[PDB]
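Participant:
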Amino acid sequence: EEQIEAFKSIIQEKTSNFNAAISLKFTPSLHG
Amino acid sequence: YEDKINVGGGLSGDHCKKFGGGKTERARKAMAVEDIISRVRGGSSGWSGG
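Chains as they are written, first to last, in the numbering used here: chain A, 3 to 34; chain B, -10 to 39.
This is how it looks when you write it as C-alpha cells:
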C-alpha cells in the first residue's frame, strides 16, 4: 500500500492610492 | 497656508500588501504478510492429503 498527497495554496493582494489637491487664489479690479 | 500670496499643497499616500501561503502533505502506508505451510506424513493414499 502506498499513498501520498500534496496541497498548495498561495494568495496575493496589493493596493495603492495617491491624491493631489492644490489651490491658488490671488487678489491684490483683479481676482483669481 | 495662505497669507499675502496664496500657496497650495496636497499629498496622499496609501499602500496595502497581502501575502499568503498554504501547504498540506499526507501519506499512508501499510504492509501485511501471512504465509501458511502444512506438511503431513500421515500414511494414507488419500486421507493424509485430505
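Every residue gets a Cβ at the ideal spot worked out from N, C-alpha and C, and that includes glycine.
1. State the Cα-Cα distance for the pair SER18 (chain A) and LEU0 (chain B), rounded to the nearest angstrom.
2. Quick check on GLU23 (chain B): does DSSP put it in helix, strand or coil?
3. Compile a chain-ordered list of the residues in the segment 5 to 32 of chain A whose CB is closer than 8 Å to at least one CB of chain B.
4. Within the 8 Å Cβ cut-off, does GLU14 (chain B) reach chain A?
5. Compute the distance between the beta-carbons of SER25 (chain A) and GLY(-3) (chain B), then report whether it is under 8 Å.
6. Return the CA-CA distance between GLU(-9) (chain B) and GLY34 (chain A), expressed in angstroms with no decimal places.
7. Rounded to the nearest angstrom, what separates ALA22 (chain A) and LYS6 (chain B) at their Cα positions?
8. In the DSSP assignment, the beta strand (DSSP E) including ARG15 (chain B) goes from what residue to what residue?
Facilitator: Working from what's here:
1. One C-alpha to the other measures close to 14 Å.
2. Reduced to three states, the DSSP call for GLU23 (chain B) is coil.
3. For the segment 5 to 32 of chain A, which is checked against every Cβ of chain B, the residues closer than 8 Å are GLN5, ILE6, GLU7, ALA8, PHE9, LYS10, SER11, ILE12, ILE13, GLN14, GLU15, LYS16, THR17, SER18, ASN19, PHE20, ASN21, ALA22, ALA23, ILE24, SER25, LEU26, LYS27 and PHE28.
4. Put simply, the CB of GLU14 (chain B) is near chain A, with a gap under 8 Å to one of its CB atoms.
5. Result yes, Cβ atoms of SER25 (chain A) and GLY(-3) (chain B) sit closer than 8 Å.
6. Going from the Cα of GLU(-9) (chain B) to the Cα of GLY34 (chain A) covers about 14 Å.
7. Taking the straight line from one Cα to the other gives about 22 Å.
8. It spans 11 to 17 - the beta strand (DSSP E) in which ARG15 (chain B) sits, taken as one unbroken run.
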